[PDB]
RNA sequence: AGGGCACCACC
RNA sequence: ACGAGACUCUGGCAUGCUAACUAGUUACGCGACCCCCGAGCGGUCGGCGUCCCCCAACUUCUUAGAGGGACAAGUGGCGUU
RNA sequence: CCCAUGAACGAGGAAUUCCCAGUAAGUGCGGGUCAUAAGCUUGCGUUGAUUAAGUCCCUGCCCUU
Ligand SMILES: [K+]
Ligand SMILES: [Mg+2]
Ligand SMILES: [Mg+2]
Ligand SMILES: [Mg+2]
Ligand SMILES: [Mg+2]
Ligand SMILES: [Mg+2]
Ligand SMILES: [Mg+2]
Ligand SMILES: [Mg+2]
Ligand SMILES: [Mg+2]
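Chains as they are written, first to last, in our numbering: chain U, 1 to 184; chain C, 185 to 325; chain E, 326 to 632; chain V, 633 to 702; chain A, 703 to 842; chain B, 843 to 942; chain R, 943 to 1163.
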């Protein structure tokens, strides 16, 4: 019995191109779940969040700001509608679009400000910051706009997956890496 | 065989409200177009025929849980009251609305006064609700 | 005749503390464990597994320390560290009778030859005789051991009905089952005792424990016969049902002695900076061709007597 | 941290020095022996003492130990 | 008459599933399993049946009574109780092999299907609005 | 005969249990049908108050509490026999109420 | 009819007021405490029961009368008895009152405190602490602490191993505060001290030396 | 000058 | 030796123990309603009743007592080992 | 309580608080106060995360020379 997210999206065909992030993007096999709501204790120990499914990590990061704290059912519904919109707009697997968006949004070099010095970025922090940037871009696009949060999230994910500069996450990653290069 | 618990409750409430309105023997107060349903509401109900919906909901609640009085109904239909710059609190529904709904349902003979207080469904009311549930299940299938 | 490893049973989740077999059902055995369960094994002897867990008996609150099977093979009797004995109907796997009265861990249980009596030894330094209905017929505490009663056994020869007990006071005691009164007292051992077993004929009693020496006693004569040397602590002693052998679980290994020659026949060593798993219990098959051994790695190992 | 205090360590050393022949590498048997041969007011303290006794018994089997004179 | 009654917990929500020999019925508080709200988490309830197949449940009727907690906690309690009830019924009235294989499937998918989450609300302490947060501190 | 209900209430669990056990042992010795000790939920009375007598310092609080434990025993016995059974020594702090 | 919560709180309040009244009435007589056993029997523990009883029981009859009148007992329902404290040296309240009356008698602070300390230690206590605070010498106030033996401060065992008493002495220049803490000895009997030992005290049984058998020997009974 | 500790310090 | 720790209360586990008409469950009987079809050992019932003249078993769920349970105990690695 | 009236406020400068798991935050419900009575406090559940498993850079405290 193959497990599909929301009963619609399969994980078998999802490919993670970047081998550095393959161990930190839990998307298939033992990490294929019907829903992005597990109520698991992923924060109990260090690195354990790497086992949290990437869709559920996105869902968790959507629970901002304060007024939306704890409304995980609402964020699950938002993610479901965003995946539907992504499938309509691109014809691709929304999981593949999300994986590509995260890969393209994760910054690879940063600056530590110890005058600043350039340092590398660990894969786990790459994934964390990619998710944070994607959610922040969607939220800021949806604020004070008739465009719904699901549509804004879908647009942000699609642009990040394409690598377009219309993406908030892509622009922020480019700025961070440019500053790191300057301080190198 | 279909009973109420077998169907979607929102669809059941809509179907039962339509049935009550079509039967047209339910007594409706003269002030249904003026009042709001609780002190914590800000506006009157959007639906003009809110009385039939409320009666259907009350009958369904009595089916699920008999012996409920006006106080229990006002607890059921209570909600959050926003208090301007002060925090929000729970608030109860309109006792007159609950009482008139119960009395109208009694007039339809679907509801009778319970021995231990409050109201309950008559066998006729139970039969009507089960038939409505069967219709809802047939429509879904 | 050298015994070879035939297979393993891997159901348990804790130390295998006791293994029981019955002549009626050659394909069914019982294994008690520290996971508070008793696994009834159905023996398939197939290529994949020698046997698989058929049923699990649950209801004990602490470690199950000892288990025996009734003569007809329909009921099982178990003791546990929760201080109670349980009687299990093997067909349904439910408890039919609870035996209460021991105030500490029950370390050993034993059925009589006709299954009309039950004997239990516990850490409360008391021996208890019960009937099948769960009533403590007698309690030996005055002349009993001054330390934990580690093992109690019944003589299979009805001609001289006696009970053999061993405890942590380094003593082997014999009790006249008729009156539950002391008859013989053996003062040979130098360390605490873990096990006493009785020969199928009832003539011999082998005792073993901390000192690593397996001492033989004549139940009829009431005198010490001889002593065999085991390298490690003796955890379990078992007489072969047909052959004139004595089997001892000495630490991680198993030693078989030919009582006629008083020499080692075979040494059963598991194939390996960690200490090896210890063998904790032994039980011969009904026909005497298969020896089941429990270990501290939660496994049961099957040894086949191969020509 | 899991550092055992002097109460636990000294009780374990005295128990080993006085009842070495009854102790072994099994925590549960050691715990039963400790509760039989000593008055330890609390179950948690008994468990800590028995655990350190087991650890020291493993060390003693592996070689001599300065604190304990058997 | 073959039946078991097994509970599942989540926070203060407790659900007891009565699983007896039957034809494949599953009810929660008298309602079909697909009618339990919120339906955003319907797959959480359906997970035991989806993982094990309808063939395992075809021989039993399971009725679940749930109370306490909140909506999500009740959902998790219901699914845990259903899984544990099926495991108990198999281990009691079928062989141990079937119980072991279904338990392995459930454990591999999600441990909380069989083992309860022990997390509970932490007590509030004076000097702050909650268990850890403190009231704002001013100096001048 | 008459159905006797004994309600025991205490702040000390150990003494309450000792009294209940003694009453049940007496009833057993008199060979009476006695329903075992039904344990009502424990009541926890709480008073939380500022530690300081004035209003100065860090706002620290004392959480005082009292625990009340309640037991019920049911007997089928004559009133005289029930009174004789209850006439045994009662530990201090245990309040006994007998109802017929 | 009254609820159980109110009933228990009321019984506690009655005991508190009764103890306060008896403390003020019988301070000079060695009053240490009161036990109320429900006729309602009220037992007064004191060092000098003769003064509590008075001339042919006149004072105890007066105490019974005032107690009955104040608390509304039916006439004859409440009876008062007097008993002597078993170990006067181990009662913190008794020692605090003794020190208070020594100080009221003009005795030197150091002498009185050391006398009380020596008496407590000779009575069998594990240890004691006596603190006297106030205007001991001159206008500036200070506190003198006299400690002996063992004393514990933290944890649950303080509740049943340490007996504490606080008293006020009204002197010409002001009030002196007296604090007496006594660490009771471990008493398995339970008379002079708690039965439960200190939780961190592990007592290991000395093994009985035995001779290992040289050769196997069998005996017949 | 060196070395520790703390979301009533920082990261 | 005090303080720390230990300790007391609390949280989590026990289909093992004790035992409950001021807690329930399951079973059965009666009753109400739905399905003629596939009407049943059917489904729903916080509808009633079953030690309480006499009419049913149990404690999973609830309550609360006793006891058990965890010790860095097991395995691997690091450590002066 | 009802009808009516419908202000600033579009996310907040310098500065600064609290906090790491059923925690923060959201959400309501009890107790105290109380004839009348919560924008406070003390508790309770319910929904429920991001980040970290480090350091002495800031603020402090402590130790050695
Ligand atoms: K929007
Ligand atoms: Mg509402
Ligand atoms: Mg909170
Ligand atoms: Mg101390
Ligand atoms: Mg402390
Ligand atoms: Mg600050
Ligand atoms: Mg900061
Ligand atoms: Mg229970
Ligand atoms: Mg105030």
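Ideal Cβ placement from N, Cα and C applies to all residues, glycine included.
Considering only DSSP beta bridges, list what residue i is partnered with.
{"i": "residue 413 of chain E", "result": "E/401, E/420"}
{"i": "residue 572 of chain E", "result": "E/563, E/581"}
{"i": "residue 671 of chain V", "result": "R/1145"}
{"i": "residue 385 of chain E", "result": "Answer by DSSP bridge pairing: none, since residue 385 of chain E is not bridged."}
{"i": "residue 904 of chain B", "result": "B/891"}
{"i": "residue 294 of chain C", "result": "None, per the DSSP bridge assignment."}
At a cut-off of 6 Å, would you count residue i as near ligand 1, judging by its Cβ distance to the nearest heavy atom?
{"i": "residue 138 of chain U", "result": "no"}
{"i": "residue 68 of chain U", "result": "no"}
My guess is that residue i and residue j are in contact by the Cβ rule of under 8 Å, so how many angstroms apart are they, rounded?
{"i": "residue 559 of chain E", "j": "residue 520 of chain E", "result": "7 Å"}
{"i": "residue 522 of chain E", "j": "residue 538 of chain E", "result": "15 Å between Cβ atoms; not a contact."}
{"i": "residue 378 of chain E", "j": "residue 336 of chain E", "result": "4 Å"}
{"i": "residue 421 of chain E", "j": "residue 408 of chain E", "result": "About 19 Å; that fails the 8 Å criterion."}
{"i": "residue 253 of chain C", "j": "residue 301 of chain C", "result": "6 Å"}
{"i": "residue 932 of chain B", "j": "residue 861 of chain B", "result": "6 Å"}
{"i": "residue 1068 of chain R", "j": "residue 1091 of chain R", "result": "6 Å"}
Thinking C-beta only, is residue j closer than 7 Å to residue i?
{"i": "residue 491 of chain E", "j": "residue 497 of chain E", "result": "yes"}
{"i": "residue 392 of chain E", "j": "residue 368 of chain E", "result": "no"}
{"i": "residue 434 of chain E", "j": "residue 402 of chain E", "result": "yes"}
{"i": "residue 988 of chain R", "j": "residue 972 of chain R", "result": "yes"}
{"i": "residue 97 of chain U", "j": "residue 86 of chain U", "result": "yes"}
{"i": "residue 284 of chain C", "j": "residue 258 of chain C", "result": "no"}
{"i": "residue 648 of chain V", "j": "residue 681 of chain V", "result": "no"}
{"i": "residue 762 of chain A", "j": "residue 724 of chain A", "result": "yes"}
{"i": "residue 718 of chain A", "j": "residue 790 of chain A", "result": "no"}
{"i": "residue 418 of chain E", "j": "residue 359 of chain E", "result": "no"}
{"i": "residue 363 of chain E", "j": "residue 341 of chain E", "result": "no"}
Could you check whether the Cβ of residue i sits closer than 6 Å to any heavy atom belonging to ligand 5?
{"i": "residue 1096 of chain R", "result": "yes"}
Is residue i near ligand 3, going by C-beta to nearest heavy atom under 6 Å?
{"i": "residue 1014 of chain R", "result": "no"}
{"i": "residue 301 of chain C", "result": "no"}
{"i": "residue 1135 of chain R", "result": "no"}
{"i": "residue 975 of chain R", "result": "no"}
Between residue i and ligand 2, is there a pair consisting of the residue's CB and a ligand heavy atom that are separated by less than 6 Å?
{"i": "residue 262 of chain C", "result": "yes"}
Chain E contacts from the stretch 798 to 810 of chain A (Cβ-Cβ distance under 7 Å): 798, 799
Under 8 Å, CB to CB, which of the residues in the stretch 865 to 893 of chain B have a partner in chain R? 885, 887
Residues of the stretch 972 to 983 of chain R whose Cβ lies closer than 9 Å to any Cβ of chain B, in chain order: 977, 978, 979, 980
What are the residues of the stretch 17 to 45 of chain U that lie near chain A, defined by any Cβ-Cβ distance shorter than 9 Å? 30, 33, 34, 35, 37, 38, 39, 40, 41
Contact list for the stretch 1126 to 1153 of chain R against chain V, Cβ threshold 9 Å: 1138, 1139, 1140, 1141, 1142, 1143, 1144, 1145, 1146, 1147, 1148, 1149
Under 8 Å (Cβ pairs) to chain R, residues found in the stretch 649 to 666 of chain V: 650, 651
Residues of the stretch 373 to 405 of chain E with Cβ closer than 7 Å to any Cβ of chain A, in chain order: 377, 378, 379, 380, 381
Members of the stretch 113 to 144 of chain U that neighbour chain A once the beta carbon cut-off is set at 8 Å: none
Taking any Cβ of chain B, which residues in the stretch 813 to 840 of chain A have a Cβ under 8 Å from it, in chain order? 828, 829
Against chain R: residues of the stretch 498 to 526 of chain E by CB proximity under 7 Å: 507, 508, 509, 510, 511, 512, 513, 515
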